[PDB]
Each structure stands twice: as structure tokens, then as C-alpha cells.
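J.: below is the sequence, then the experimental coordinates.
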Amino acid sequence: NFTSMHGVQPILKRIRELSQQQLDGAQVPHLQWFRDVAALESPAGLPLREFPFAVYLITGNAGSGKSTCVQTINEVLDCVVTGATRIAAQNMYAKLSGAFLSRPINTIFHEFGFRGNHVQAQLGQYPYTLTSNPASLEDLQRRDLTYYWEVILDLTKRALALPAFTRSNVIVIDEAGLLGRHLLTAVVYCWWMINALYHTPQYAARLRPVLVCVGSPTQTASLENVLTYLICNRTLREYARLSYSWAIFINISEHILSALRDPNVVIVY
Amino acid sequence: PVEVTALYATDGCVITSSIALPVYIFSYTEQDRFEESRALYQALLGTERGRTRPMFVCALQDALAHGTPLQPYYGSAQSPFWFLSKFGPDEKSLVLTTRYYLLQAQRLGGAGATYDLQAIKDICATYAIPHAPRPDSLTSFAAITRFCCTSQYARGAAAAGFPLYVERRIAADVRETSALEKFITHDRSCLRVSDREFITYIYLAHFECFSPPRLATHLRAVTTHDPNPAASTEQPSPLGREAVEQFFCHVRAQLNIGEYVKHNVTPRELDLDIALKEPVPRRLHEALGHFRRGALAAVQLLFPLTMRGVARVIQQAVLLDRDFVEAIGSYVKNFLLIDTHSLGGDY
């Protein structure tokens, strides 16, 4: 708090820079594609469509300032704070409401439309195979949708027949290590849903969704989550420019060793 | 009159009908700046982020000495316990921090416009101006308004000089941490040492360089006792001097090229590359001399493909010296100086 107060400022600078970048006309998705997808039932009609997005990672040991960084970001920047779990949202509300004002925080699941009937959906039902390597992000999002297809299709069906994603484009996802990697794409896709369905003023402004994934990738191990799928995958490492958009809060992990080796990621003490 | 801004409040159920179409106002270059700001004085919360948004626009001076109501968004649910808890129980905090964070930070800009409320409170805590005794717990907006409007901190030199003190405090702290973090980024970027030793080096640097005694000394040196910047009582903060001179001696001597060669180099018995930021305005000769000293020390240690090994050891030994760094490293983007009977071992 004595030095994090000053070390956290570049984090806000970079998040603001990300939240401001606009997209070209050829990059912003159009609702006609999504209606065409809804009109079908099988993934046979999903082309190499790209969903632009940005991500801001904040890692570190157990609570070494990540929660306080989320607090400062909420108190300064316009972010829609979410949670991986119900307990995560309750913890974030406990941290924020004890200092300043934040509206009741929902889970990112509750944000993007995850409901009860979504729990029984058959996850991993349809088959996919990677086309080339390094896999194009248009194929990565394709695969993530295919793995999660029942929930995505039911979301689209409900959407055709006030969402908080109209409020802003920076979405704070605490405990992002607890989220499945595929959900990542869904969230971005879900974001566009709202910004495509309601014809949101950000859509007319060609704004891009920005994610602030705050969590520890070490606490979750496969028996590969969002933090790990972003740190490891070369395609996402290149597209997201993760070398210049990464924070580590510190009081074997070869991954975090390489992170500290990289000069361009901020570390806050 | 002069252009001023007010923060609306009301004891009972702040809503549009109370807004109608009474108010409870409780918050109403350098030399010239505080002179005019003193000359001004005598002796709804909502985001458009913008911490406060105006509701309307419109005898008035007396409302700032008695807190009398003047009879004809997200801050519609403000509470007195809210303000007392969130802006500290301290009167100086409750007045100055509230006034700066809600109103002055946005209208005046600067670095402090981006610091959160707790940072502002931490700055105001070490704003130790003299405490004039107050002749007279708060239960409602009337009580807090009478407490704030009659406060010594809401009038005159203190209110005039708080924002400038803010800016100066951020300036000092950021400059100190910026110099230290520039050195940390230097030794971070190219140091090819083992994993555990790199991690312990980073930990020891960021911890012992910013131990509580040095932070206390820095804060005490940044303590003010007069709101006047001309009569400011701030002292030269020795934080950077201590962190650089006093402790990198120990780190550089202990975590030196001799130990590195003795442990991580197993002998079985040189072109300089510069990344330019800007041209350097004696410095070049000094840098080459210190390069020569480092290379000579490495040669002495090594002599009681092999070319890659000797070049790597020379590069490490040259990095570990401080004089070469202070000579040239402030001007170079990256520090890969050298492009890469058998010197072997893990790397």
C-alpha cells in the first residue's frame, strides 16, 4: 500500500490505453452473421470469423495486492466487476463496499447469461480438430465455441427471443484461474451478443471488449484455464500483446519465471 | 461572483422531489496560485471517472460559516456514518480529503486525479499542519455541515495549499520509485543467473530497499508543517540515496562475479553492441574504462564453443559492475552488449 499506490498507476495507464483503441469497420462483427448462426443447429455453418478482444492479466501469490489493484481500478476506471464464483463476487463486494461504492457485483456467468438449464448442457459433445499450427485465432474461437456449443446456441436463441455489458467494455474477472479456457471466448462472444443485439452505442463507436483477468494460474492445474491458456498459447500471446499488458503482484513455476524474465511486464511491490 | 462548485446534501431522503425542479452545502504559477487561492477564502455523487456530477445551477457566504440550508446519479443515498467512516474520523482528513477527492481532483487535474481515495488519505495523513484547537460524534448532515463549514481546514492557507502539496508528494514518491525501478529494470533485463538466485535477488531488492525504516524516514522527510509552498517545511528525502548507495553495496558484493564463476562455471582445462536511445552529451571514455575493469576482473577470475562461454562471462561481469552501468546504461534501450579447455556448466 505504501509502494503499490505508485506501482499500480501504470496498470491503470495501460488498461485505459487498451479500453480506448477502436476497431476498423472490417473488424467489428455484424448481427447478420449471428442470426445466420442461430438459423442453423450444427457447427457446420461456423466460418473463420474473428472476434477482436483484449485481455489484461494480473497474477501473483495469494492476495499480495491483486484485490487492492482491482479495488483501485474500480474506483478510478469504468469497469464492470464480475466474479468467477459466487464466493468470489461476495469477496469482491466485501473488499469494495468497505472503502467506496460499487453496485451489486454479479458473477461473469450471471453476466453472460449462464442460468440453471445451462448446468445440464452436454459439454464437449461435438468433435473438433485443429486445422493448422500455429492455430489461427479464428480457429481457436471456432474450437472454443464448438466445445461449448449447447450453451452458446441457447444464449443466441434466448437473445433473439438492461444487460450490464452495455455499461462499459472493461470487464474485471477475479479468480480467472477458476474459469475454463473455452469460457474465455464465450465471454467475448457473449459481449458482442449484447453489443450486437441492442445496437449499443459502443457498437456504433467500434469499441472492443477488454478483459481484466485477475487470479493465480498456479492454484489451478489440469487433471488449462484462462490464465494458463493465455500465458502458454503462442497465438494468444502474439495477438493480445501480453508482454506489454501484464502485471504481477509479489510480496518451480517456469511460467512465472519467464514472466519475470520478460522486461516489459509490470511487477508491483 | 467567483465560479465555485458545491456538493449537495440533505438530511431527509435525498431525491428528485427534494431537488424539486433544502440544500446542505458542506464543501464550497505557484506563488501566484496559492496567493489567489487564499484571496478566494477569508478568516451529488455520480459518474458521467467523474466522482461527482452537478444537478443544477443558480446571502450565500453566511452558509459557509453556519451551514444554514438555502431554501428555494448515485449519491442519492449518502449517510453521515458513511462520510465519517469513509473520510476518516480525523477532522483534517474529513475536510481536505473530501474536498480534494470529490471536487478538486477532477477540476485541477494532475497526477492526483488518478490516485484512489486511500492514496489521498495517506497523503493527507502526512500533511501535519498545526492543529488549531476546536472549541466544540456526528449524527446527521446538519452536524457534519456545521463541523466542516466552521473547520479551520476549510478556509485560508490550508485549503489553498492542499492540492499543491498533493502534487508535490506524488512527484517526490514517483521520482524516487522511478529511479530505483529503472535500476531494477536494468539488472532484470539481461541478468542470466539461475532461477532461484534471480528470484531471491528480486525479492531482496524490492524488500530490503523498501524496508519500513526507510519508508518511515522518507515519510518524515516529506512531512509538511506549513500550507505555504514558499514556507514549506519539507526536507530532502534520503530514500533514493539510501537505497542506491547504502544497500546495493551489499547486494552487488554478495550477489559478485567471483561467486558466480566459482559456483556456476566449470572450466575443463567480444564485440560491443549498443542500442541507442539518445546521443550522450568523458562519459564514453569512462564507460570503456569500466568495461575494461570488468573484463580484466573476469579474466583474472577465469585464469588462476569456448568463445561463447568467455563472451557470456565477460558480459555478466561487465553487467555486475556499477560504474559501467551509471556510465552508459542510462542511455541504452537494452543491455545485450556482446553477441554470443572447455568452459562448461548449466546455463
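T.: Nice, thanks for sending it over. Numbers count the residues shown, from 1 in each chain, chains lettered A, B, ... in the order given.
J.: name the element residue 172 belongs to?
T.: Using chain A. Using DSSP states H and E, residue A:172 sits within strand A:170-174.
J.: wrong one, chain B
T.: Assigned by DSSP H and E, residue B:172 belongs to helix B:157-190.
J.: for that helix, buried residues please.
T.: Of all the residues in helix B:157-190, those buried under the rule 16 or more other CB atoms under 10 Å in any protein chain shown are B:157-170, B:172-173, B:176-177, B:180-181, B:183-184, B:186-190. Using the backbone N, CA and C atoms, a C-beta is placed for each residue, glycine as well.
J.: now do stretch B:192-202
T.: Buried residues in stretch B:192-202 (16+ other CB under 10 Å): B:193, B:198-199, B:201-202.
J.: so what touches it?
T.: Stretch B:192-202 is contacted by residues A:250, A:252, A:254, A:257, A:260-261, A:267, B:184, B:187-188, B:191, B:251, B:255, B:260, B:264, B:312, B:316, B:346-347 when judged by CB atoms under 8 Å, 6 or more residues apart in numbering or on different chains.
J.: ok, of the residues you listed, which come out buried?
T.: Buried, going by 16+ other CB under 10 Å: A:250, A:260, A:267, B:184, B:187-188, B:191, B:255, B:260, B:264, B:312, B:316, out of the contacts of stretch B:192-202.
J.: inside helices: which ones of the contacts of stretch B:192-202?
T.: Among the contacts of stretch B:192-202, the members falling in helices (DSSP state H) are A:254, A:257, A:260-261, B:184, B:187-188, B:251, B:260, B:264, B:312, B:316.
J.: which two of these have the greatest separation?
T.: Spatially, the most separated pair among the ones in helices among the contacts of stretch B:192-202 is A:254 and B:251, at 24.7 Å (CB to CB).
J.: who does the helix or strand hosting residue A:6 touch, helix- and strand-wise?
T.: Using DSSP H and E, the element containing residue A:6 is helix A:4-7. Packing partners of helix A:4-7 (3 or more CB pairs under 8 Å, 6 or more residues apart in numbering or on different chains; DSSP states H and E): strand A:266-268, helix B:117-125, helix B:157-190.
J.: restrict it to CA atoms and write it as CSV.
T.: What follows is helix A:4-7, C-alpha atoms only, in CSV (Å, rounded to 0.1, in the frame of the first residue of the first chain):
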residue,chain,number,x,y,z
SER,A,4,1.8,-0.4,-4.6
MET,A,5,0.0,3.0,-4.6
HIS,A,6,2.6,4.2,-7.0
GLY,A,7,3.4,1.0,-8.8
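J.: that older thread, next structured bit after the strand holding residue A:172?
T.: Following strand A:170-174 in sequence, per DSSP H and E, is helix A:181-197.
J.: what packs against that next one?
T.: Contact partners of helix A:181-197 among helices and strands, from 3+ CB pairs under 8 Å, 6+ apart: helix A:31-39, helix A:108-112, helix A:137-147, helix A:149-160, strand A:170-174, helix A:201-204, strand A:210-214, helix A:226-232.
J.: tabulate the ones you listed (CSV), appending distance to chain B and mean neighbour count.
T.: Output for the helices and strands packed on helix A:181-197, formatted as CSV (distance: least, CB to the nearest CB, whole Å; neighbours: other CB atoms under 10 Å in any protein chain shown):
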stretch, distance to chain B, mean neighbour count
helix A:31-39, 29, 14
helix A:108-112, 19, 22
helix A:137-147, 29, 20
helix A:149-160, 28, 17
strand A:170-174, 11, 26
helix A:201-204, 14, 14
strand A:210-214, 15, 27
helix A:226-232, 17, 21
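J.: enumerate the residues of chain A near chain B.
T.: Applying CB under 8 Å from any CB of the partner chain, one finds that chain A approaches chain B through A:1-3, A:5-7, A:9, A:12, A:71-72, A:75-78, A:99-101, A:250, A:252, A:254, A:257, A:260-261, A:263, A:267, A:269.
J.: before we move on, back to that, what's the farthest-apart pair in the buried ones among the contacts of stretch B:192-202?
T.: Top of the distance list for these (CB to CB): A:250 and B:312, 27.8 Å.
J.: mind listing the strands for the stretch 1-150 of chain A?
T.: Assigned strands in the stretch 1-150 of chain A, in chain order: A:54-60, A:79-83, A:106-107 (criterion: DSSP state E, counting those that start in this stretch).
J.: could I have the CA atoms of the longest one written out in CSV?
T.: What follows is strand A:54-60 as a C-alpha-only set of coordinates in CSV (Å, rounded to 0.1, in the frame of the first residue of the first chain):
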residue,chain,number,x,y,z
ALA,A,54,-8.2,-7.5,-25.4
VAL,A,55,-7.1,-9.0,-22.1
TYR,A,56,-5.2,-7.7,-19.1
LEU,A,57,-3.6,-10.3,-16.8
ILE,A,58,-2.8,-9.7,-13.1
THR,A,59,-1.1,-12.6,-11.4
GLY,A,60,0.8,-13.2,-8.2
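J.: what sits against residue B:319?
T.: Residues in contact with residue B:319 (CB under 8 Å, 6+ apart) are B:187, B:190-191, B:325, B:335.
J.: let me have those in a markdown table, extended by distance to chain A.
T.: Formatted as a markdown table, the contacts of residue B:319 follow (distance: CB to the nearest CB, whole Å):
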| residue | distance to chain A |
| --- | --- |
| B:187 | 11 |
| B:190 | 9 |
| B:191 | 9 |
| B:325 | 15 |
| B:335 | 10 |
